[PDB]
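J.: The following block contains the structure, expressed as structure tokens.
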Amino acid sequence: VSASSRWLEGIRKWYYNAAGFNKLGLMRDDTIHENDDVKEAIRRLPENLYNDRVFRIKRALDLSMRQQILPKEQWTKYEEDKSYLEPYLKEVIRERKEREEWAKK
Amino acid sequence: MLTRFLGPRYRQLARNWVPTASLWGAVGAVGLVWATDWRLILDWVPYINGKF
Amino acid sequence: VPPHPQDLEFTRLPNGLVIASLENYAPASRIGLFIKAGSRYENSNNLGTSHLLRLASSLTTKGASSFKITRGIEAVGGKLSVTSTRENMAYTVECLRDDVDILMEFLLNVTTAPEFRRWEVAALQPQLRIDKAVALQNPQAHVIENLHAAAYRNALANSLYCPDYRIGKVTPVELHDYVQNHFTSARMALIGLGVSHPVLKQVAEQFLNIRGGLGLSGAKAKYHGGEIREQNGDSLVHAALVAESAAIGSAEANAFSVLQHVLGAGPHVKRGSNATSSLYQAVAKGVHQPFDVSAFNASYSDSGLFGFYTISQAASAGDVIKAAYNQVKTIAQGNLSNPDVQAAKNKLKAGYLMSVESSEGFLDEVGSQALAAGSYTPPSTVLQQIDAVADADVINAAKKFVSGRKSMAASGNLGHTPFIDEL
Amino acid sequence: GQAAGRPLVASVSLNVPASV
Amino acid sequence: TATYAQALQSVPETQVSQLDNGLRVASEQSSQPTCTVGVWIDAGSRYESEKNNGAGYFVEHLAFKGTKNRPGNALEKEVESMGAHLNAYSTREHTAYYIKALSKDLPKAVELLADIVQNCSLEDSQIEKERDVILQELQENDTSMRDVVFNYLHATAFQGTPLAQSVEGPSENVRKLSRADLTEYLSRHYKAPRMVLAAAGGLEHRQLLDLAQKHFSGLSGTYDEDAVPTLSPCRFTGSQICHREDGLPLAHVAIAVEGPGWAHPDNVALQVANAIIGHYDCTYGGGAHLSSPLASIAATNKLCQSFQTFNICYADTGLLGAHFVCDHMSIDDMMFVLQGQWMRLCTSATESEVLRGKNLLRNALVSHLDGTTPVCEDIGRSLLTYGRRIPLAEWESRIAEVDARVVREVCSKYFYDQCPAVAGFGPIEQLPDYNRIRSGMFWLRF
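The following block contains the structure:
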């Protein structure tokens with residue numbers, strides 16, 4: 006345990022609760038701005054994760070339409086929010102940078 | 001930000017393309033002097049001088 | 017004047033792996049990994065896995081991305097090819113001498129550490145449809161694949177090309193299992209022209225020691241017999257009629273090769289009449305329309321098929337087939353002179369020497385010997401074994417064909433093409 | 057010489073047309 | 001330990017000798033058990049007039065049908081009995097007859113070649129039987145769209161000159177070519193100073209020379225009085241031919257500019273530039289990651305089923321360009337990207353792609369001269385075009401000289417703002433107008 010790490014964890018938890026996307030039941034990776042890299046990364050997802058993402062986004066958009074939020078027991082927990090779009094986006098960025106490095110020569 | 005354009009190929013391309021951009025700059029400079037009748041430059045041209 | 021030619025070197029490692037090198041002095045080098053992984057080792061649940069595997073050599077590996085493999089190989093002007101038969105897969109690579117190290121590193125990555133990423137495999141599936149269609153606009157490929165389907169009950173009956181119903185259904189797991197249980201040390205051979213022997217031995221000892229774990233004894237090919245007929249109304253009728261002959265490496269196979277060149281294998285003169293081809297003259301007597309006919313010989317590790325292949329007009333198909341079969345019967349009855357067999361031996365020996373005059377054909381011959389027999393037999397001993405074939409062996413081979421249960425395949429407008437029991 | 061005589065072989069390459 | 005260059009020095013020199021009648025005898029000795037030997041003649045359809053066009057192609061069909069000494073199929077049996085293979089071909093500038101055989105059979109094979117190029121009887125029954133054969137081949141050849149579009153390209157590019165003629169000749173000529181026309185053609189073109197007896201394989205040059213003096217000394221080396229054909233230069237014409245035929249499922253298009261010829265040094269740099277553009281087929285495995293921009297764009301966007309670049313050389317002229325095959329709704333994109341790549345190499349060629357093209361040419365050169373037959377062809381043809389065999393070390397020297405600047409100058413010299421010759425066949429409604437193609441050969445930004 007580190008005191009600086011403790012402060013970072015506390016600040017990150019506070020900021021997660023303040024951002025408010027969890028109130029609509031979304032995860033962090035749902036809210037990423039979609040560009041070419043992210044589009045390819047989403048295109049590489051398996052079936053079940055893609056369908057879950059689609060349903061979560063659809064429910065969030067309906068809640069936004071009606072100006073409501075979920076009950077507090079259905080909000081996404083900060084600790085259980087594990088990123089599902091990390092490795093795909095990481096690999097896509099890695100390939101793109103390899104292409105750029107080849108293009109430099 | 002734009003570090004991807006730092007390499008041997010991009011400086012070979014710039015070295016190949018600086019004469020053309022130089023000539024299009026001469027085209028624009030002469031075109032501006034001609035279109036505006038800039039006496040400051042045209043007084044120095046030999047035969048043109050007689051117009052004024 | 018060239019230097020004194022170096023003779024090939026050969027080595028069997030205790031793990032079963034085979035290394036074979038030849039240090040020549042040509043400006044280019046050639047390296048090939050031969051693997052006992054042909055389509056015979058598929059079963060009814062994973063058909064087509066070796067076709068998709070043959071198309072996936074440029075996919076991402078553990079040590080090199082697909083982009084890097086393609087650009088690195090193309091940068092030094094080299095080449096990578098994958099040739100596949102019903103028994104073997106041959107990953108071969110060509111380049112100039114000074115870049116063999118680069119391309120050697122790519123070859124092992126292609127063969128020992130592919131990832132078969134789900135999306136990359138999925139995007140490759142439609143190419144199966146393109147590749148098969150390009151192959152299947154030669155009628156001979158259709159006919160020969162049906163001929164094998166009709167001859168055998170299993171393993172050798174399998175096609176080199178993926179069945180249409182499986183296109184899109186081959187999974188990455190099936191590719192993993194196929195590589196894991198067929199690409200092993202005891203099933204592989206590393207051959208090299210223009211490379212030193214210590215280098216190949218070092219590569220083998222460093223990187224191909226983690227491929228143990230033999231298995232999948234497969235199953236022996238059970239010859240069946242039967243007929244497959246494809247009515248498609250093409251302009252010409254293609255037909256093949258064969259019987260079981262002999263396994264490769266046996267003395268009887270040399271007798272069958274000589275019988276092949278007595279009957280007539282292929283033309284030697286541009287726009288020639290095939291004067292010394294006894295099948296062509298036999299059919300030419302009572303058949304005046306255009307046609308072609310040729311002896312067919314295919315030998316494998318544990319079986320073989322010998323017979324003939326005819327191409328003719330739809331109405332003359334029966335005449336051509338019956339005339340060819342009668343000519344083989346006439347040979348089986350002993351009507352065979354000694355100048356005929358001596359000319360056939362000359363054609364066979366010349367064809368063999370001409371088939372290993374290219375670097376590609378030499379490398380393929382050495383790899384085939386390395387996997388089948390585990391040794392290298394020089395050309396002179398092969399010519400010795402060819403000369404030892406007696407005439408009585410050829411007559412006995414003709415008897416074996418005449419009396420054996422037949423297999424048949426045909427394509428075209430088959431309204432006048434006889435069945436087997438009508439011959 | 058269009059009649060087949062020897063068993064099929066299928067070739068695939070990175071930068072060369074395929075053949076049979 | 002040996003390098004690429006040292007391996008290039010170890011290739012044996014091609015020995016060359018000339019007989020008293022002018023027949024050149026050349027050979028490359030190897031340690032191979034087999035060999036190839038043959039005769040390359042400086043005769044072709046470019047030498048034929050409109051009257052006797054297709055004569056040489058007619059003679060190719062009769063060379064192996066009988067002689068005064070070996071009538072009928074006796075020659076075919078002699079060739080077949082020793083297991084050798086006899087072959088021949090005819091082009092617009094060169095004719096060739098060659099045998100592949102065991103080294104021990106070299107004395108008889110040379111004899112047969114001498115028998116073919118000198119003692120040809122041309123039986124009337126055979127002339128009439130090969131008449132319908134040739135006509136049937138013309139009907140078959142009509143169905144190959146590649147051969148059609150390339151004959152159209154020659155027909156329009158060199159219109160009004162001998163190179164416009166096809167090798168086989170027109171249908172009308174083949175049905176009235178007489179025996180006197182064929183004997184006059186033979187006695188006028190099969191002369192000793194225009195033939196080259198080339199060989200390659202396991203054989204000593206001494207014995208080849210002895211067999212040459214034995215069976216070719218009687219060949220006629222004395223031309224007729226002041227009779228010697230000379231090739232006139234051929235006017236190139238920027239033009240277009242479009243055979244619109246919508247019943248066919250894919251369009252074939254061939255485009256080309258005027259090249260320099262066989263002996264121009266710039267061909268080496270041109271071959272580097274074509275290697276940068278390369279070729280493509282729908283069965284390639286590379287696809288999106290291919291180095292060539294044209295190839296990767298065509299693969300990703302499905303602009304064509306295949307394309308190839310070419311540089312066809314003749315005496316003091318040639319066809320430099322490309323050919324492709326595509327769906328009828330993709331012709332404009334293929335033309336656009338193709339011309340864009342030509343202009344890109346004309347104006348902005350970089351060092352790395354040029355090193356790529358050099359490496360490709362080195363590998364193509366070394367991998368092609370692999371076997372007795374390609375080497376025998378390179379001997380005979382080089383002795384006709386260059387008058388000598390150019391060793392590989394010299395090709396490597398010429399290739400190493402090429403850099404990016406040389407490529408920009410040579411490409412600008414031959415491509416930029418030049419009139420092309422275009423040939424289209426099939427559903428070519430979307431093939432751009434000639435003015436638009438011509439406007440595609442320069443850049444307003446440059």
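Residue numbers (PDB author numbering), protein chains in the order written: chain F, 6 to 110; chain X, 1 to 52; chain O, 17 to 439; chain V, 57 to 76; chain N, 1 to 446. Where is the CB? At the ideal position from N, CA and C, for every residue including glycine.
For O/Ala298, which residues in the same chain have their Cβ closer than 6 Å to its Cβ, ignoring the five residues on either side in sequence?
T.: Locating residue 298 of chain O in the third sequence gives position 282, where the first residue counts as 1. So the list reads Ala339, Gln343, once near-sequence residues are dropped.
J.: So who's on the other strand from O/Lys95, going by DSSP bridges?
T.: Counting from one through the third sequence, the residue named residue 95 of chain O turns up at place 79. BP columns for O/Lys95 point to O/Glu110.
J.: What residues in its chain sit with their C-beta under 6 Å from that of N/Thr91, if we drop five residues either side in the sequence?
T.: Residue 91 of chain N sits at position 91 when you count from the first residue of the fifth sequence. Closer than 6 Å at Cβ, skipping near neighbours: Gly44.
J.: Three or more C-beta pairs closer than 8 Å, one from the region 203-214 of chain O and one from the region 32-39 of chain O: is that the case here?
T.: Yes: at least three Cβ pairs fall under 8 Å.
J.: Based on the DSSP secondary-structure assignment, which residues constitute the bridge partners of O/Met370?
T.: Translated into the one-based positions of the third sequence, residue 370 of chain O becomes position 354. DSSP output for O/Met370 lists no bridge partner at all.
J.: Assign O/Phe417 to one of three DSSP states: helix, strand, or coil.
T.: Within the third sequence, the letter at position 401 stands for residue 417 of chain O. Reduced to three states, the DSSP call for O/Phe417 is helix.
J.: Taking 8 Å as the CB-CB limit, is O/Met370 close to chain N?
T.: Against the third sequence, residue 370 of chain O aligns to sequence position 354. Yes, O/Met370 counts as interfacial toward chain N.
J.: Here's the rule: buried if 16 or more other CB atoms are within 10 angstroms of the residue's CB, otherwise exposed. What is O/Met105?
T.: Your numbering for residue 105 of chain O matches position 89 in the third sequence. Under this definition O/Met105 is a buried residue.
J.: Could you check what DSSP says for N/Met343 in three-state terms: helix, strand or coil?
T.: Here residue 343 of chain N is taken as the residue at index 343 of the fifth sequence, counted from 1. The answer is helix: DSSP assigns N/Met343 an H, G or I state.
J.: How many Å lie between O/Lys286 and N/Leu135 at the Cα?
T.: Against the third sequence, residue 286 of chain O aligns to sequence position 270. Against the fifth sequence, residue 135 of chain N aligns to sequence position 135. One C-alpha to the other measures close to 17 Å.
J.: Given a limit of 9 Å on CB to CB distance, which residues of the region 303-337 of chain O reach chain V?
T.: Flagged, chain order: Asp308, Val309, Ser310, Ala311, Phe312, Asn313, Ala314, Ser315, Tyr316, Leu321, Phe324, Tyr325, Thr326, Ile327.
J.: Restricting to Cα atoms, I'd like to know which of N/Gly72, N/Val25, N/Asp403 is closest to N/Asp210.
T.: For the purposes of this step, residue 210 of chain N is identified with residue 210 of the fifth sequence, where counting begins at 1. For the residues N/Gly72, N/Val25, N/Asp403, the minimum Cα distance to N/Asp210 belongs to N/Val25.
J.: Kindly indicate if chain O contains any beta-carbon less than 8 Å away from that of F/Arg101.
T.: Reading the first sequence from its first residue, position 96 is the one you call residue 101 of chain F. Not one chain O Cβ lies under 8 Å of F/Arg101.
J.: Going by DSSP in three states, N/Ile116 sits in which element: helix, strand or coil?
T.: Taking the first residue of the fifth sequence as position 1, residue 116 of chain N is located at position 116. In the structure shown, N/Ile116 sits in a helix (DSSP, three-state: H, G or I).
J.: Do the CB positions of V/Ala66 and O/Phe312 come within less than 8 Å of each other?
T.: Translated into the one-based positions of the fourth sequence, residue 66 of chain V becomes position 10. Translated into the one-based positions of the third sequence, residue 312 of chain O becomes position 296. No, the Cβ-Cβ distance between V/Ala66 and O/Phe312 is not below 8 Å.
J.: Go through the region 156-214 of chain O residue by residue and report every complete run of the alpha helix (DSSP H) that reaches 4 residues or more, in order.
T.: Listed in chain order, they are 188-198.
J.: Beta carbons nearer than 7 Å to chain O: which residues of the region 36-62 of chain F have them?
T.: Those would be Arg49, in chain order.
J.: Are three or more beta carbon pairs between the region 348-361 of chain N and the region 300-316 of chain N nearer than 8 Å?
T.: The region 348-361 of chain N is not in contact with the region 300-316 of chain N.
J.: How about X/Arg4: is its C-beta nearer than 8 Å to some C-beta of chain F?
T.: As a working mapping, residue 4 of chain X is identified with position 4 in the second sequence. X/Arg4 counts as touching chain F.
J.: What does the Cβ neighbour count give for O/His304, buried or exposed, with the cut at 16 atoms within 10 Å?
T.: By one-based count along the third sequence, residue 304 of chain O stands at place 288. O/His304 is exposed by the Cβ-count criterion.
J.: Check the C-beta distance from V/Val68 over to O/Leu71 and give it rounded, since I have them as a contact under 8 Å.
T.: Within the fourth sequence, residue 68 of chain V is the residue found at index 12, counting from 1. Within the third sequence, residue 71 of chain O is the residue found at index 55, counting from 1. Between O/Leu71 and V/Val68 the Cβ distance is about 6 Å, and since that is below 8 Å, they are a contact.
J.: Run the CB neighbour count on N/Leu345, radius 10 Å, all protein chains shown included, and call it buried at 16 or more, exposed below.
T.: On the fifth sequence, position 345 is the one that residue 345 of chain N refers to. Looking at its Cβ environment, which holds 16 or more other Cβ atoms inside 10 Å, N/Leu345 is buried.
J.: Under 8 Å, with one C-beta from each stretch per pair, do the region 249-266 of chain O and the region 416-425 of chain O reach the 3-pair mark?
T.: Touching, yes, given that three or more Cβ pairs across the two stretches are closer than 8 Å.
J.: DSSP on N/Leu138, reduced to helix/strand/coil?
T.: Along the fifth sequence, one-based indexing puts residue 138 of chain N at 138. Here N/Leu138 sits in helix by DSSP.
J.: Span of the alpha helix (DSSP H) holding X/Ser22?
T.: Taking the second sequence and counting its residues from 1, one reaches residue 22 of chain X at position 22. Its alpha helix (DSSP H) spans residues 8-36.
J.: Roughly how many whole angstroms lie between the Cα atoms of X/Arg39 and X/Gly25?
T.: Looking up residue 39 of chain X in the second sequence gives position 39. Looking up residue 25 of chain X in the second sequence gives position 25. Their Cα atoms are separated by approximately 20 Å.
J.: Within the same chain, show all residues whose beta-carbon is closer than 7 Å to that of O/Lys422, passing over the 5 residues directly before and after it, in chain order.
T.: The sequence position of residue 422 of chain O within the third sequence is 406, counting from 1. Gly241, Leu257, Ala259, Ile436.
J.: Is it right to say N/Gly218 is buried, meaning 16 or more other beta carbons lie within 10 angstroms of its own, or is it exposed?
T.: By 1-based counting over the fifth sequence, the position of residue 218 of chain N is 218. It is exposed - the Cβ of N/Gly218 has fewer than 16 other Cβ atoms within 10 Å.
J.: Between the C-alpha atoms of N/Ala84 and O/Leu364, what's the straight-line distance to the nearest angstrom?
T.: For the purposes of this step, residue 84 of chain N is taken as the residue at position 84 of the fifth sequence. For the purposes of this step, residue 364 of chain O is taken as the residue at position 348 of the third sequence. Rounded to whole angstroms, N/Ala84 to O/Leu364 spans 11 Å at the Cα level.
J.: Would O/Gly93 and N/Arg362 qualify as a contact pair, given that the criterion is a beta-carbon distance under 8 Å?
T.: The residue given as residue 93 of chain O occupies position 77 in the third sequence. The residue given as residue 362 of chain N occupies position 362 in the fifth sequence. Cβ atoms of O/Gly93 and N/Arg362: closer than 8 Å.
J.: Run through chain X and tell me which residues come within less than 7 Å of N/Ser348, C-beta to C-beta.
T.: Counting from 1 along the fifth sequence, the entry for residue 348 of chain N is found at position 348. Ordered by position in chain X, the residues that pass the 7 Å Cβ test against N/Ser348 are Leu13, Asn16.
J.: With H, G and I counted as helix, E and B as strand and the rest as coil, what does DSSP make of N/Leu320?
T.: Numbered from 1 along the fifth sequence, position 320 holds the residue referred to as residue 320 of chain N. Note: N/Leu320 maps to strand in three-state DSSP.
J.: Does N/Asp105 pass the burial test, meaning 16 or more other C-beta atoms within 10 Å, or should it be called exposed?
T.: In the fifth sequence, counting from the first residue as 1, residue 105 of chain N sits at position 105. Its Cβ being crowded by 16 or more others within 10 Å, N/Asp105 is buried.
J.: So, at 6 Å on beta carbons, what are the nonlocal neighbours of O/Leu430 in its own chain, with the 5 sequence-adjacent residues on each side left out?
T.: Numbered from 1 along the third sequence, position 414 holds the residue referred to as residue 430 of chain O. Cβ neighbours of O/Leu430 beyond the five flanking positions: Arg245, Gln247.
J.: Listing by chain order, which chain V residues have their CB less than 8 Å from the CB of O/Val98?
T.: For this step, residue 98 of chain O is matched to residue 82 along the third sequence. Those are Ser67, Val68, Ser69, listed as they occur along chain V.
J.: Mind reading off the beta-carbon distance from N/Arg46 to N/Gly160? Whole number of angstroms is fine, and I expect it under 8 Å.
T.: Locating residue 46 of chain N in the fifth sequence gives position 46, counting from the first residue. Locating residue 160 of chain N in the fifth sequence gives position 160, counting from the first residue. Not confirmed; about 13 Å, so no contact.
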